[PDB]
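Examination of the molecular architecture
Residue strings, one per chain:
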Protein chains: 2
Amino acid sequence: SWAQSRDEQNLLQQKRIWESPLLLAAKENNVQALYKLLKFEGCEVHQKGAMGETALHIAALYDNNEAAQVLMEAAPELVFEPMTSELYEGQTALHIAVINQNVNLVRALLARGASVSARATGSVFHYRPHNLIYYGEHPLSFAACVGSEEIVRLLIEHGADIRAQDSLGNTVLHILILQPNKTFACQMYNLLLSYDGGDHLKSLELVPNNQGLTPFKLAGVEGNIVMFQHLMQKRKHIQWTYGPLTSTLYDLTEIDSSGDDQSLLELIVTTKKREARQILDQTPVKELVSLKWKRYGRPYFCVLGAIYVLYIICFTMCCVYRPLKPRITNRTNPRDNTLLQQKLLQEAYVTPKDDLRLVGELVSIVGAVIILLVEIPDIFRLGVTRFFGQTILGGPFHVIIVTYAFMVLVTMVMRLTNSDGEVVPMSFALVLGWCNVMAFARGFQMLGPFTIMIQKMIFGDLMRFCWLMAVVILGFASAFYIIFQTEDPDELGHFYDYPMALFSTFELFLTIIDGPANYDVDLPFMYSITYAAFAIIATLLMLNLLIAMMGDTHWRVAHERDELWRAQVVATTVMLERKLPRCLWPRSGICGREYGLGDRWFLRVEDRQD
Amino acid sequence: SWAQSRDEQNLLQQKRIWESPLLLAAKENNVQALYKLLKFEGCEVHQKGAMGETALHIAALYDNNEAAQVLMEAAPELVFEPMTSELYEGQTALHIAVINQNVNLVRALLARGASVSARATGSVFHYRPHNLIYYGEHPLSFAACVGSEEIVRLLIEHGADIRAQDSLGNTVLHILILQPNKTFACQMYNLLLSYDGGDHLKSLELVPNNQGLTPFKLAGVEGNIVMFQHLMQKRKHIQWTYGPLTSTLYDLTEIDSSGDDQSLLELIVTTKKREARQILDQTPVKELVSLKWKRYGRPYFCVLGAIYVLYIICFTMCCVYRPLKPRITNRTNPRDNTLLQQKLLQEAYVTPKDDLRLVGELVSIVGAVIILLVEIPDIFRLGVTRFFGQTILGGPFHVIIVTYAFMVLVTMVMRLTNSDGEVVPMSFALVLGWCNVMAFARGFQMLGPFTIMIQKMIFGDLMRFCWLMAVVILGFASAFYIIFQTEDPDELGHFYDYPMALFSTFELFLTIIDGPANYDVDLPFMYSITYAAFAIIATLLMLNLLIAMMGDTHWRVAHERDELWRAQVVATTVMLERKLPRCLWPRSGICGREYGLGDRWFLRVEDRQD
Ligand SMILES: C[C@@H]1NC(=O)N[C@@H]1CCCCCC(=O)O
Ligand SMILES: C[C@@H]1NC(=O)N[C@@H]1CCCCCC(=O)O
Ligand SMILES: [Ca+2]
Ligand SMILES: [Ca+2]
């Protein structure tokens, strides 16, 4: 594959280093050898290694200032030389010297005039899961990441540009946010800002990423709390300090949802990173989301539920009082078991009690069109995750609400044609319409976190486990059929045909029925033996499942599911504000006009320190 | 709303500070500016800010002794000036100087003759949940709360009054008890007591709150153990010290229940604060309550149960041997399913076996009147929580005991009228009369804590969850009805009408019935499919509930429910002593007369230190 390729080439490089006597001597710091290979013998100083590296590139990898200095003295054009291989296209000797924090070699290379604008476009410097580190493409980006404050200023002194962006359009500021050592990177972040021009506009912090993000905004998405906390000092203003109390004012500009999708809050709820959830708990955001749902948010969510419950409960009223079913053809004799009395083809009737039934069915096309006005913007504008990431209209579940309206439309087509299968399209809507009601259990009270468990269980662990429950049924259900195939099924015929054999055993797996048992007639010899094993094995599987549930329930998951529910409540609040009109739901905070301090909206939060 | 108002005004204040050049210079400590605004230009020194603040009020907020001193020198009448706004009505410059612990400014203000009796009646100084801190209304109250021992004595030296009460009638002593830093406040508590007159009477500790509480008494209600422990030294007397043993005598005056509702014990069991429960565990109280229930308490509780069980079991005897039911009208044919043989209108009968039935019914009016003598004092004197806080007659449950007597009275009205619904009023009393018997399981042995779980479950989590169980039934129960509406219900008609469809599915949710299944006749196509989903979903909901139970069971809750039960046993003991006559249940302890040490009752408790 591709992992083999890079593993092959690192091995292949070492052979070239061993074979090449010049490259070997630079690797091994043999100073006396290098003079013998350059002065007396005319070895081609511009020797190209396996990775297109120069003799100086190897002397920089393994820190070798003595061997590196000889190469610059004998040939000074090697400093500008970049590596030519695909994995390392663009990398220069200065990149290697900065990475290893070789201060004396960096100073010697800059004195030679090495470019501070050379990009390392090689694939190994790309931001990808297989790459272990991402340091950008510029030598200043490398210096800032390793934390050598000495080299960062020294690189700037020779003309390094902080505004320089990589292929992804990330400045050196953006690269620091995507780093493990958060505590060290904060101090380095400040140092790079000191070289900013000083103008309020064109500030490097305002320079955006290619995908529209900014350093402050990116920190929230990536879940870097340390940088998020540190970056907040820029945009928070202390009003006054009275004893232990402190009224502090927050800028609330890039945080709030006014700037279209540039809102930080939308990025948190849409992103897949679990880490970003902790950002909404932070003290500028936590008041914002709480004030959002406690007032203007919670009522509208319940109002929709009241409308939704009403819309559903009326639709069921149409189903229970459905067309008349008198059975015109008394077939009866063929399949004498058959008992049907069917509704079907009467094309309405005279309308006293019948009149109200049409007004209830007229509500179906409203939902069929309102949800069609939900399904039209189900591929319009958005459409891959951008719906599943934007869907807050229900959010969880509510993929089935659009299928429900399809069943409503199919049941309309089921009418006016009077097909036998009238019940099957009408039946699906009743289960799905009420099962979706518990989507409103999200938020509400303390059943919301409960609905998260079952929601997870339905779509995750069940499917895999259900396969294991599907097996063993195949063994026992088909077995029982074979034993009972011989005997007369008139009495105790739990498995008369194969589709009933599976269904009867499936019921038996959850012990719903009493279990097949007749004492008037003697049963087959094998039923008594095979059923004993079925009763035991079914209990073990249920006990082990019950014990397997304890895979969760650790106190951290009690905090986890609590944070997941409250995060999904915040999720509900944002798109409700998005779809709803601007006249309702006034913007949070107070405007910075009429007190000419800002021209933006500020949240006044006061706190107390114990 | 109102939170917006104060947020608006803090923003509005800063604009006035910026706009007002005088107020700005005091905020910014620009000393050179202040002289330019007062000497050369005649700026109206008595400038009123947005909050009615003076230029000195701003100079005190932000600690600005240099700017504050200039304002007093140019205009000395600003010191007496209070803020006029509603939020800050009454606050003076001395209040602000004390709060920020500006010692030099407090000394300068007192030298100017600032009042030490000025109250801060502004709404932001009220004791309310929205206010973060409560420091009282007097400048000495502020000094004591921040803990500046230097200012407290200095404020007293210039005529501060410790006896001064706020609008709620709380002294400075009461304010300290309602503070977070319990360990610091104890030392400050003593310092304020040193300035007391020294007379045993009129002591500031005896000064009561408006609602009848005193500092020692309030500490128990508020659950401040540190202050409760510290305050106990005042009223505990060591008899002797023999080796490691120590006989210490406790005053037991304000603690015990003799002084009407002033008893501390009644305040603990009646209050809603969870913290007060730990106070009853304290070593002066724990012996008192234990000695109370172990002797004189536990027997009377069981004696009432023996009487109650006897009263109930006889009442059931009347129900089982009820009027004769021969069915006079053999209607039968209309609703041929009907089978009734009804008792109804015979107006008693000749009395051999019948005579004893009346003597048992005569017991019903006794309970109907005895509980009427419980329902008459169910609005008399008390009545909102003052019953639910005073009810110990059962305590938990025993709201239903008064409804039981109502059903007894209704069943009496059901008799002498011979109505069809004879069973329905009589049936409710049997369930409620015996379900109330487990109220006596409170206390008793180790089932008492068990009864607390179910008691909590019935009235808390169930109702919310039951709604979620009510949903999904609507989908499946109504669905099953539709499938089976077509077919002949003579055989396997679990859902023949809609009210039976819900009830049959509700039973099926808990898997009580075998589940509808017939093999002689072929079932509808949809029943087999829809029932499979019902069996699965019902199990998940029950499994997730079982796992959701683990929301408790942490070892802290095992201590919590144990402390809740033992606290509710203490609850039972207090009102039993209240309702019972004084001749029974002698007062705990030994009187201080006949050993003229006290004239009050003392509990002799000896302890040993390891
Ligand atoms: C092979 C290259 N040639 C060399 O002399 N050092 C390089 C080794 C890899 C450094 C970058 C590895 C990475 O980014 O994952
Ligand atoms: C606004 C008032 N004017 C001022 O100069 N300081 C005050 C600030 C509020 C102090 C009390 C806040 C509180 O009690 O919650
Ligand atoms: Ca069973
Ligand atoms: Ca059964």
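Along each chain, residues carry numbers from 1 upward in sequence order, and these need not match the entry's numbering; residues missing coordinates do not appear. Following the order in which they are written, the chains are lettered starting with A and the ligands numbered starting with 1. In this view, a larger assembly is represented only partially, and all stated values concern the represented chains. To get the side-chain values, take all heavy atoms of the structure and skip hydrogens and water. Residues with missing side-chain atoms are left out of burial classes, side-chain pairs and their counts.

Method of structure determination, per the deposited record: X-ray crystallography was used for this entry, reaching 3.37 Å resolution.

Quick word on the relation of the copies chain A and chain B
Each copy of the sequence occupies a distinct position, and chain A is placed on chain B by a rotation of 90 degrees and an axial shift of 0.0 Å, giving an RMSD of 0.0 Å. Here the symmetry operator amounts to a four-fold rotation axis. For chain A, the smallest separation between a C-alpha atom and the rotation axis is recorded for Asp514(A), amounting to 4.3 Å. Here, two residues are considered to be in contact whenever any of their heavy atoms come within 4.5 Å of each other. A low fraction, 8%, of the interface residues of chain A reappear at the interface in chain B, so the copies pair through non-equivalent surfaces. Copies share a common frame after least-squares superposition on their C-alpha atoms.

With respect to the site of ligand 1
Residues and elements named next belong to chain A. Taken together, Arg6, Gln13, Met51, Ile58, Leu61, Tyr88 and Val124 make up the full set of residues near ligand 1. Any pair of nitrogen or oxygen atoms within 3.5 Å is treated as a polar contact; in protein, a donor-acceptor pairing is required on top of that, and neighbouring residues in sequence qualify only through side-chain atoms on both sides. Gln13 has a polar side-chain atom sitting 3.1 Å from a nitrogen atom of ligand 1. Computed with a 1.4 Å probe, the accessible areas rest on the Shrake-Rupley method; for each residue, only the protein chains presented here act as cover. Within the complex, 75% of the 400 Å² of free accessible area of ligand 1 lies under protein. In this classification, the charged set is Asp, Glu, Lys and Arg, the nonpolar set is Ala, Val, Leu, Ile, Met, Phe, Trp, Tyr, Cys and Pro, and all remaining amino acids, among them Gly, are polar. The residue inventory of the shell around ligand 1, partitioned by class, reads five nonpolar, one polar and one charged. Being near a molecule or strand, for a residue, means having at least one of its heavy atoms within 4 Å of it.

Focus: the interface of chain A and chain B
Each side of the interface is counted separately: chain A has 62 residues, and chain B has 63 residues. A simple way to read buried area is as the amount of 1.4 Å-probe accessible surface that goes missing from two parts once joined, with both sides added. Between chain A and chain B lies a buried interface of about 6200 Å² when both sides are counted; carbon and sulfur atoms form 71% of it. In the sections that follow, a salt bridge refers to a side-chain nitrogen of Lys or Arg positioned within 4 Å of a carboxyl oxygen of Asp or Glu. Linking chain A with chain B are two salt bridges, by the criterion used here. For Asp7(B), the salt bridge is made with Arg604(A), and the minimal N-O distance between the two is 2.7 Å. Run the count over chain A and chain B and you get twelve residue pairs in polar contact. Mapped by element, the contributors of at least two residues to the side of chain A that touches chain B are strand 1 (236–242), strand 2 (245–250), helix 16 (283–320), helix 20 (423–435), helix 21 (448–459), helix 23 (498–509), helix 24 (525–549) and strand 4 (601–608) of chain A. Where helices and strands are cited, they refer to DSSP runs of H or I of at least four residues and of E of at least two residues respectively, numbered from the N terminus. Element by element, the count of residues in the side of chain A that touches chain B is highest for helix 20 of chain A, at seven residues.

Here we look at the coordination of the calcium ion (ligand 4)
Coordinating donors are taken to be N, O and S atoms lying within 2.8 Å of the metal, or within 3.2 Å when the metal is Na, K or Ca; because water is excluded from the atom set, some sites may appear incomplete. Summarising the metal site, the calcium ion (ligand 4) is bound by the protein donors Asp514(A) (OD) and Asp514(B) (OD), whose distances to it range over 2.5 Å. A distance of 4.1 Å spans the gap from the calcium ion (ligand 4) to the calcium ion (ligand 3). Of the two residues, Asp514(A) sits in the loop between helix 23 and helix 24 while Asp514(B) sits in the loop between helix 23 (498–509) and helix 24 (525–549), which places them in two different chains. Look at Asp514(A) and you get exposed, because its relative accessible area is 66%. Remark: exposure states derive from per-residue accessible area (1.4 Å probe, protein chains only) relative to the maximum for the residue type, with buried under 20%, exposed over 50%, and partly exposed in between. Taking the relative accessible area as the measure of exposure, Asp514(B) reaches 24% and is therefore partly exposed.

Brief notes about the sheet that holds strand 1 of chain A
Residue and element names in this part refer to chain A. Pairing between two strands is assigned when DSSP locates at least 2 bridges connecting them. What the four strands build is an open sheet, ordered 1-2-4-3; its pairing is antiparallel. Looking at which strands have only one partner, the edges of the open sheet turn out to be strand 1 and strand 3 (590–591). Two strands pair when backbone bridges link them, and strand 1 and strand 2 are joined in this way by six bridges, in the antiparallel orientation. If you follow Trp240 over to strand 2, its bridge partner there is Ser247. Sheet strands in contact with helix 16 are strand 2 and strand 4, and its direction is about 110 degrees off that of strand 4. Axes here mean lines fitted to C-alpha atoms, for a helix over just the part in contact, with angles spanning 0 to 180 degrees between N-to-C directions.

A few points about the nonpolar core
In plain words, nonpolar cores are sets of buried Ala, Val, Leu, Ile, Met, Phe, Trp, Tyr and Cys residues tied together by side-chain atoms within 4.5 Å. Counting 105 residues, the largest nonpolar core has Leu56(B), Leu71(B), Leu94(B), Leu155(B) and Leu192(B) as the members making the most contacts within it. Those residues in contact with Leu94(B) that lie beyond four places of it in its chain are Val106(B), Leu109(B), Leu110(B), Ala114(B), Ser115(B), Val116(B) and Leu155(B).

Topic: the domain arrangement of chain A
All names here are of chain A. You can read the domains of chain A as domain 1 (1–282 + 588–610) and domain 2 (283–587). For the domain bounds, the source is a domain assignment made automatically or taken from a database. Centre-to-centre, using C-alpha coordinates, domain 1 lies 52 Å away from domain 2. The interface of domain 1 with domain 2 comprises 26 residues on the first partner and 22 residues on the second. Summed over both sides, the interface between domain 1 and domain 2 buries roughly 2400 Å², with carbon and sulfur atoms accounting for 60% of that surface. The three residues of domain 1 that bury the most area against domain 2 are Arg277, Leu280 and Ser588, which together make up 25% of that side's buried surface. Linking domain 1 with domain 2 are six salt bridges, by the criterion used here.

What to know about the pairing of strand 4 (residues 601–608) of chain B
As a general feature of sheets, a regular strand has side chains that alternate between the two faces. Residues and elements named next belong to chain B. Across six bridges, the pairing between strand 2 (residues 245–250) and strand 4 is antiparallel. Looking at the pairing, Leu249 lines up with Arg604 of strand 4. Pairing geometry for strand 3 (residues 590–591) and strand 4, over two bridges, is antiparallel. Bridge assignment links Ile590 to a residue of strand 4, and that residue is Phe602.

As for the site of ligand 2
Contacts to ligand 2 come from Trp240(A), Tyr242(A), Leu245(A), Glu606(A), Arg6(B), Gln13(B), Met51(B), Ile58(B), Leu61(B), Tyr88(B) and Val124(B). One nitrogen or oxygen atom from the side chain of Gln13(B) is found 3.1 Å from a nitrogen atom belonging to ligand 2. Considering ligand 2 on its own, with 400 Å² of exposed area, one finds that the protein chains cover 99% of that surface. Within the residue set of the shell around ligand 2, elements represented by two or more residues are strand 1 of chain A together with helix 1 (3–19) and helix 4 (55–61) of chain B.

Examining the environment of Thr451(A)
Within the secondary structure, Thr451(A) is located in helix 21. Given the relative accessible area of 3%, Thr451(A) is considered buried. As a C-alpha pair, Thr451(A) and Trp565(A) span 114 residues in sequence and 9.0 Å in three-dimensional space. Those residues in contact with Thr451(A) that sit more than four places away from it in its chain are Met438(A), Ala441(A), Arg442(A) and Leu468(B). A polar side-chain atom of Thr451(A) sits 2.6 Å from the main-chain carbonyl oxygen of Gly448(A).

Thoughts on the environment of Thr241(A)
Its location among the elements puts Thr241(A) in strand 1. The spatial distance from the C-alpha of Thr241(A) to the C-alpha of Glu606(A) is 9.6 Å, given a sequence separation of 365 residues. Not counting chain neighbours up to four residues away, the residues in contact with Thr241(A) comprise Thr246(A), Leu61(B) and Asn100(B).

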